[PDB]
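Notes for the structure review
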Amino acid sequence: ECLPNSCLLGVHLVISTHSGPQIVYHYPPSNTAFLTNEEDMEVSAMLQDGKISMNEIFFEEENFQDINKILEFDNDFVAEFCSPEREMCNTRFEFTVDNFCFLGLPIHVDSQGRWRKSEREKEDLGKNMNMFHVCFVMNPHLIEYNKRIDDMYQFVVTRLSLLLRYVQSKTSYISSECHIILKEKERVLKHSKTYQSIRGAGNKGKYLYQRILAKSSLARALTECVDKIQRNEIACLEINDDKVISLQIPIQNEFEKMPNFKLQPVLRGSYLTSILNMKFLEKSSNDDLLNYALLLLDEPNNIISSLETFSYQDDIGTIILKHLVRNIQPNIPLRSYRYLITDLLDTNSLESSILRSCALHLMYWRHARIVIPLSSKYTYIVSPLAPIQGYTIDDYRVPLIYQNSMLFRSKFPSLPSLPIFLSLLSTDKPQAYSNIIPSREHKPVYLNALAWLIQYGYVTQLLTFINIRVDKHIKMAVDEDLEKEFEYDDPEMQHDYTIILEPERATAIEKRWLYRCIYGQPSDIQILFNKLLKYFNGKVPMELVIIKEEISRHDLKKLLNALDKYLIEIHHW
Amino acid sequence: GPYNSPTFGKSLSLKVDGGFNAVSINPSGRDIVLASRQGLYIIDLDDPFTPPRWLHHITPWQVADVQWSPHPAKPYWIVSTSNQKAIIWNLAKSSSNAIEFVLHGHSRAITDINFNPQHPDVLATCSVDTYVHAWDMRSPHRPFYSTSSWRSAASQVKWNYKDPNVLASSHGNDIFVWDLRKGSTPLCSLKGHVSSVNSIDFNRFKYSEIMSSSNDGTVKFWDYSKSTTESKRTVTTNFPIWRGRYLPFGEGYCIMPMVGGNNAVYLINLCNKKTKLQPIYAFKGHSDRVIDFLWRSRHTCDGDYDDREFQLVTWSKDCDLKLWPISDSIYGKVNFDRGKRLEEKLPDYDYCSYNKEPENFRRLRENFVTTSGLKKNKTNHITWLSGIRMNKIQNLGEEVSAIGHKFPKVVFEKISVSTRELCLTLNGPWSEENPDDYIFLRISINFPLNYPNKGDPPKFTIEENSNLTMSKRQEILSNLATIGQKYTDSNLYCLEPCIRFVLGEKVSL
Amino acid sequence: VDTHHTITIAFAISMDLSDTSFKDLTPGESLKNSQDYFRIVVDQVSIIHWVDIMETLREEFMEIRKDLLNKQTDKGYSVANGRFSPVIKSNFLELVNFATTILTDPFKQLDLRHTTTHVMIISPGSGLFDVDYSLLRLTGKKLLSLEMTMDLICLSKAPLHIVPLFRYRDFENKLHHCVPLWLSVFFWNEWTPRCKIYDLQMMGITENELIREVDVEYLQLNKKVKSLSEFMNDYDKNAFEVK
Amino acid sequence: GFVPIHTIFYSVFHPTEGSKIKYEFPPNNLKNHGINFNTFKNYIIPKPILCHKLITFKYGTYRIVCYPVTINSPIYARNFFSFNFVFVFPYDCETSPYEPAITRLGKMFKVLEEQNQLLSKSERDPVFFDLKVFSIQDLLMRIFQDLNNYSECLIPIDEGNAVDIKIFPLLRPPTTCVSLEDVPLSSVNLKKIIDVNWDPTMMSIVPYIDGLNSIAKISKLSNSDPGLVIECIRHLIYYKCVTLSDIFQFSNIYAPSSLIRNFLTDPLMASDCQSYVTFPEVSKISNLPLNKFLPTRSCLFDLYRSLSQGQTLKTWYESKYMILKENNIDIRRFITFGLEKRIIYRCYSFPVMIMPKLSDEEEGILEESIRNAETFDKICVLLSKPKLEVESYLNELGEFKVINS
């Protein structure tokens, strides 16, 4: 299933003191049925300011459970069986009970008091604690266990637990955070008479969690991680008031083979292009990334606002990245954007490497998909996976076509609406995009509109793949040449056509065919054919050939028109 | 014939990855079939370097047993289990359409398959659903004999070598002896075991001698014409025995464990007496447990003398198929002698190779697409050549495996160790116009009979290219000939420096 | 609940003597040549000996293939011949009307410590049965005249059709589906497969003989079309009509 | 494929010497491979909150599956008897198919222990009992060997009890986005698969599956409700037999896909394409004028790539009609072979808004279909009218445009 679903239910913070294992904080207090199927000065100030992000359906009356019970289990028993021995710690703890995977990376102290190798209750708990565990409860289906659990452990649990171990090793944080959580629970349950006057168990729990999140810092991080991994979003967590950790589970919204959406569902608006971002991340472990242009998936100010959460203080990364986002356009190659690095810092230069790293960072965290440098000379069609039907991206009450048309009219109110725009591009034969533009006074704005379409996955690019063909005349000609070193009728409707699948991987006679194909054309056509014969394998788009080999588009038109009866055109994304 | 085979009498170990739980041997002594969940692999013994022929049949459950057909008129029949059904393959058909007909008896997993040694077209399949069925290959629609034990899943079914209508079955800890004339009421039910019976076997020359193994380390020998209960002999080992079978030559028996022991097959001489196991020879090796053992035979065509030489083929869990030669000392210690006169001449089998793919309105003749480019570069050939160990660098196959592994950017077009033909392609800086650019080549290599033994070098032939001049071709050929002539004086292997030089990485002297 | 019921477990087996395969059976038609066996495992025995009861039951299920599939031959041996009938073709009405024999006489000998005569039928089907018309009429008329409640419990998943379903044929050989009003159907226990395809679940048909034999039908002329434009317009005009 | 079992062992709670491995096959496997029964002994014999559940965890490189069972009765000493049949697999596999077998084995042995104490008395030790008021090793050996070899077992343990295990593969549930405008194909011959146990609806659906009948057409032809036909088609998809496809018209916008090169790189695709697309004889349809001996593989490849995103099938067929007449090519078969091999796809038509008097239900479902941006195929299916009548009705209702996606 390509539809993203991080089957998460909750998190537990289980520490093991010398007085026994205990649970310090579990965020969702809802029951199994909902999950599977100076008093309030700082609290209200942080709630209005937005520092306390916490869902409210988990604290409703029909969707609340006592703090002492986690999924029909008590906190003592969960803290017991989620606290392994020394041999089962410092590794994966994939524990399954019944449709409930308790998954985490427990961190246990070594033989000495060392956590890792290179109020006075707080120091006492720091010197007394020997293990802390961040346990995620998951309910993946039986057919997708080995995928969901593996990606959750690889992308979320491992990095978070390693950062927690590091921050505990340097300056004791889980000790301090657990101590302040327990102290705030004691001050809420036994004092703070505002809590007693609150009617309802769910509202009481909401107030307790609000006070905990207002006093603690790790509780906010765990709450944000649970609330954003469930929402399939990038979770930025503030840790130790000096570090930020960005956690996500990757979303498969890029496709090449046109998956059968009737049988295996696909996210609506998935980018059905033969140019994929993931081929560059996998090569980051030929084609240069600077040749392509970045297309922002959101407005640049929103991208800057989201990028202000990737660093607690403005380092050099969020300066270069912010200045690149503010000064980028999806119509120019990234090679031309070296100067933004050149002015902001004092081939194989470090500017190109910095720009590569920034482009990878932008296209990994769902901000800017890389595309061909869009122009008015390319052919653009409506993708089969266009966001037309469905009330949302993953529906499977207004359809997506009218919502996106409303957004298109709001953003571009001086040009025809989205249905007219899409009908002008799909009803007739696919030609160049410039045939829709009526005047050069509207050329830039329409280009922006085009980018918007490729931002939303409505319109993809029809690329051209050239295959080479050899008829019987060339075969007879090379047979005559080989002689230099039926028979009664001549049916003119029969040609012994042979397709050279790999022109570079060819024998002597097939190369003789291909070279005899041009015997009669001038020097420019011969040079253009000899430099671009190896690219006629039906898999290399000619636009990438034009970009890489630095040749004119009219030169390609001359080469294709001259060899009219031997060149096969294949037009697909 | 059998007597020009280079892998008889020499220890050779294959490496067949894929989790194969069943092995069988051609009675001619050239082909071995291995059964897995994905189908069948057929391997020539005389030329192991060829990749195995793959016949496709995907089943989720594990295959139980595979058996070659001993009918000499039909040497292209292989019977394999597919859970509840049996497949009779045909190697004369295509690789993707090799299924001839399927026996659709039973209701649950087939456990064991045996052929009648006197009527080679009669089959017996015992299954987990307590059913022992007898099939005829002439009318393979229904079984002509059905019997059951009604209590336990069957483990083996075997025919009697002398009486054509007597067959034994093993069910749990009890073995029954069924007769086709009676049916559903056994002649005798031998009950002397404590643990379950794993294997059952018949004496080749004795009329009514039956051997069984068991999980509690008890090999029991019965002569059921005397008394059904008790046993004529009892041998106790220190391990459970998985397969115990009688020797084809002399008087003796070979047993092997499922766990314990040294994962070796023990050979025991046979020349009511509970005793301990006293093997003569143990086939030490095979780090993991042994799946099966088979016997490879070799004798003259029209001779009236018993001069056959025997080899053992062990397939084990460690993905190793080892060939064990049998020395003359084993022929002496076991009571095996070359009979001066034979009562009956031994059967003669066709010595064919069922490994190469067979050749198989009105269409018009044309070449739609060029075969080159459509080809798949043989990277499985190098992996197969890395897993063959005959007897630093030993033979041509290890050399081809080494040059394949050391240079991942050299694409092999044709590899043939048996015919000594090696066509490989590479990109080389051999352009008179621009030395920095690379030229695609299609160098073919021919090796002599004694490749590293004498001073004779390979004969390299390079296909003509317009990018390659005559002067460069002469220089490359002369340099390769010089390297081959100089490097065979030390009787080493000159295929690493030749390909390294043609790639232009360095120079060797 | 501390009940003191009196159990009476009895098997009821139908054997199909004919050699025709089960795939060649017309729906709604009973098996022609069949033999009916009944094996009473335990007579009237109170549930306080329940362990012993269950022990007996287990033995009587593990020795029911030998008692029936083996047949005695006058020559001097046994023959492993015979096949159980499927549930759809089984003798369900014969089970019902065999059960309605202990309660036929109102003035029977009295059970001085038990009152009701509940009847349960444990079937491995899904509430689909093929019955005869006259037997169904007689079964209904008998069950409308005696003090019994028949709780058919099925060990398979609940099917898409309404249960219980009886398929039968009238005197003019037309298929008819009826739901009886004297039987109560219980089922003993994402997406759950509620339809049974036995040959594809256990992969009982191999690769080469599972290939398709009937492809898309070729286009046809209407004997009134003159040009290809007319044929294209006629196919688009009749692309959604149902005959 | 099914993972082989690595080690099977039977654990019991002794009231004096604690939880221990009562039996284990292969012998001395855990100690040789490094597995220690002193780290996870609290999960194998747990407190009675984890009992009667399928505990599956990870120890190093071995995934350990178990179903611990605790029986509460005053007969046993300390009022409890705890055991566990524990299976060990390598971690890098899928332990999904073996989980129901382990659960059912534990449940069956719990039932037998509650019935006649088959497992407690087999220890031959009176320390397990209050004392005031069959071989397990052979069974484990048989389970291990039969599940490694045959994926099945019928092991007898008593006169009426037998360990009866078959391991089935796990299959993905089918799609829910199957609709009334999708025609079903059949990669398997559904005639020979029908036996007596099929659903009555699935019997009737089978004759009307030929690659050109819509689900609404099947429902009306076989006198079936469309919902049960949807469920039956979903069941057939679940077994990987039936794949959906589009309704073939002469007003469709078929276009080449990214897998058109498979018509050259697959050695067995074009050869079947020559025989598939040809009429059996010289058909009359290959002799009608445009207005009033097998095909070459190059011809078929040139005809596949001639389609485009906006060229309807009528325009393409009237632009290439001499080629499809001389070569005797059936256009419907030509399109269906490309759709089955996924080398061409269909560009759907979407009527987005900007005659006889149809009834109120038809206009209601028309408005409901327009509000949901349904395709022309679904509106045509629901109204039982072709494309031209639907377009005229929509133009009477309001202005609209067609998107070819």
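All of the points below concern the structure found in this document.

**Topic: the overall build of chain C**
- Of the regular secondary structure elements, chain C holds six helices and 13 strands.
- For 243 residues, the compact-globule formula gives about 18 Å, and the C-alpha radius of gyration of chain C, at 25 Å, lies well above that figure.
- Here the C-alpha coordinates of chain C stretch approximately 90 × 50 × 45 Å along the principal axes.
- For chain C, the accessible area works out to roughly 15800 Å², and carbon and sulfur atoms hold 53% of it.
- Looking at chain C, you have 27 positive and 34 negative side-chain charges, and the mean spots of the two groups are 6 Å apart.

**Remarks on the interface of chain B and chain D**
- If you look at the interface, chain B gives 34 residues, while chain D gives 40 residues.
- Of the roughly 3100 Å² buried between chain B and chain D, counting both surfaces, carbon and sulfur atoms make up 57%.
- Taken together, the connections running from chain B to chain D amount to one salt bridge.
- Of the residues in the side of chain B that touches chain D, the class split is 15 nonpolar, 11 polar and eight charged.

**A look at the packing of aromatic side chains**
- According to the stated counting rule, one finds 94 aromatic pairs over all chains in the structure shown.
- Ring centres of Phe529 of chain A and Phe536 of chain A lie 6.2 Å apart, and the angle between their planes is 65°; this geometry places the pair in the edge-to-face category. The two residues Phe529 of chain A and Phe536 of chain A agree in class, both being buried.
- Geometry around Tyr91 of chain D places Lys58 of chain D over its ring, the cationic atom sitting 5.5 Å from the centre.

**Quick look at helix α19 (residues 508–516) of chain A**
- Every buried residue belonging to α19 of chain A is among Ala508, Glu510, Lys511, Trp513 and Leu514 of chain A, and all of these are buried.
- Contacts made by the buried residues of α19 of chain A are with β17 (463–470), α18 (472–483), β18 (498–500) and α20 (523–531) of chain A together with α2 (371–374) of chain B.

**Notes on the nonpolar core**
- Within the largest apolar cluster, 115 residues are counted, with the highest numbers of intra-cluster contacts made by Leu334 and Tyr458 of chain A together with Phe263, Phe301, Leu313, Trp316 and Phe334 of chain D.
- Those residues in contact with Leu334 of chain A that lie beyond four places of it in its chain are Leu289, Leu290, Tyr292, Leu294, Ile328, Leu355 and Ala359 of chain A.
- One finds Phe95 and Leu222 of chain A together with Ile45 and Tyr59 of chain D within the second-largest nonpolar core, a separate group that totals 99 residues.

**Comments concerning the sheet that holds strand β15 (residues 166–171) of chain B**
All names here are of chain B.
- With antiparallel pairing, four strands are arranged side by side in an open sheet as β14-β15-β16-β17. Each edge of the open sheet is held by one strand with a lone partner, namely β14 (154–159) and β17 (188–190). Neighbouring strand axes in the sheet, compared pairwise and without regard to direction, differ in orientation by 20° on average.
- Alignment of β15 against strand β16 (residues 174–179), held across six bridges, turns out to be antiparallel. From the neighbouring strand, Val166 faces β16, where its bridge partner is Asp179.

**Focus on the interface of chain D and chain C**
- Chain D puts 74 residues into the contact, and the matching count from chain C is 56 residues.
- Across the chain D/chain C interface, buried area totals approximately 6300 Å², and carbon plus sulfur atoms make up 65% of it.
- Among the ionic pairs, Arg212 of chain C bridges to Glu340 of chain D, the shortest N-O distance being 3.4 Å.
- Our count for the chain D to chain C interface comes out at 18 residue pairs in polar contact.
- Looking at the side of chain D that touches chain C, the elements with two or more residues in it are α3 (99–116), α5 (200–205), α6 (215–221), α7 (226–238), α11 (313–319), α13 (331–340) and α15 (376–383) of chain D.
- The element best represented in the side of chain D that touches chain C is α7 of chain D, accounting for seven residues.
- Looking at the side of chain D that touches chain C, its residues break down into 39 nonpolar, 15 polar and 20 charged.

**As for the pattern of salt bridges**
- Evaluated as defined, the whole model comprises 59 salt bridges over all chains.
- Across the pair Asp17 of chain B and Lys15 of chain B runs a salt bridge whose closest N-O atoms are separated by 3.4 Å.
- Residue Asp17 of chain B is classed as partly exposed on the basis of its relative accessible area of 48%.
- In this structure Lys15 of chain B comes out as partly exposed when scored by relative accessible area, which is 30%.
- When salt bridges with common partners are traced through the structure, they connect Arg92, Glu94 and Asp150 of chain A together with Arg63 of chain D into a single cluster.

**Notes on helix α12 (residues 317–326) of chain A**
Residues and elements named next belong to chain A.
- Of the positions making up α12, those classed as buried are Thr318, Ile320, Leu321, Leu324 and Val325. One side of α12 carries all its buried residues, which in axial view fall inside an arc of 160°.
- Contact partners of the buried residues in α12: β13 (293–296), α11 (300–307), α13 (338–343) and α14 (350–364).

**Overview of the packing of helix α14 (residues 360–371) of chain D against α15 of chain D**
Residues and elements named next belong to chain D.
- In the contact formed by α14 and α15, the axes pass within 10 Å of each other and the chain directions differ by 165°. Taken as axis vectors, α14 and α15 run roughly antiparallel relative to one another. The element α14 and its partner α15 pack so that their crossing is right-handed. For the pair formed by α14 and α15, the contact residues are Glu362, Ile365, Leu366, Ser369 and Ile370 on the first element and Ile379, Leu382 and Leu383 on the second.

Thresholds, definitions, all that
- Residues numbered from 1 in each chain as written, not as in the entry; some residues may be left out.
- Chains lettered and ligands numbered in written order.
- Part of a larger assembly, values for the part shown.
- Heavy atoms only, no water.
- Helix = DSSP H or I, 4+ residues; strand = E, 2+ residues; numbered from the N terminus.
- Rg over C-alpha atoms; globule rule 2.2 N^0.38 Å.
- Areas by Shrake-Rupley, 256 points an atom, 1.4 Å probe, with all protein chains shown as cover.
- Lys, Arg positive; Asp, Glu negative; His and termini not counted.
- Charge placed at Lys NZ, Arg CZ, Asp CG, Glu CD.
- Contact = heavy atoms within 4.5 Å.
- Buried area = accessible area lost by both parts, 1.4 Å probe.
- Salt bridge = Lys/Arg side-chain N within 4 Å of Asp/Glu carboxyl O.
- Nonpolar A, V, L, I, M, F, W, Y, C, P; charged D, E, K, R; others polar.
- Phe/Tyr/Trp six-rings, centres within 6.5 Å; stacked < 30°, edge-to-face > 60°.
- Buried < 20%, exposed > 50% of the residue type's maximum accessible area, 1.4 Å probe, protein only.
- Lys NZ or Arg CZ within 6 Å of the ring centre and 35° of its normal.
- Core = buried A, V, L, I, M, F, W, Y, C linked by side-chain atoms within 4.5 Å.
- Pairing = 2+ DSSP bridges.
- Axes fitted to C-alpha atoms, helices over the stretch in contact; angles between N-to-C directions.
- Polar contact = N/O pair within 3.5 Å; in protein donor to acceptor, adjacent residues only side chain to side chain.
- Arc of directions from axis to C-beta.
- Parallel < 35°, antiparallel > 145°, perpendicular 65-115°, else oblique.
- Left-handed = near helix turned anticlockwise from the far one by under 90°.

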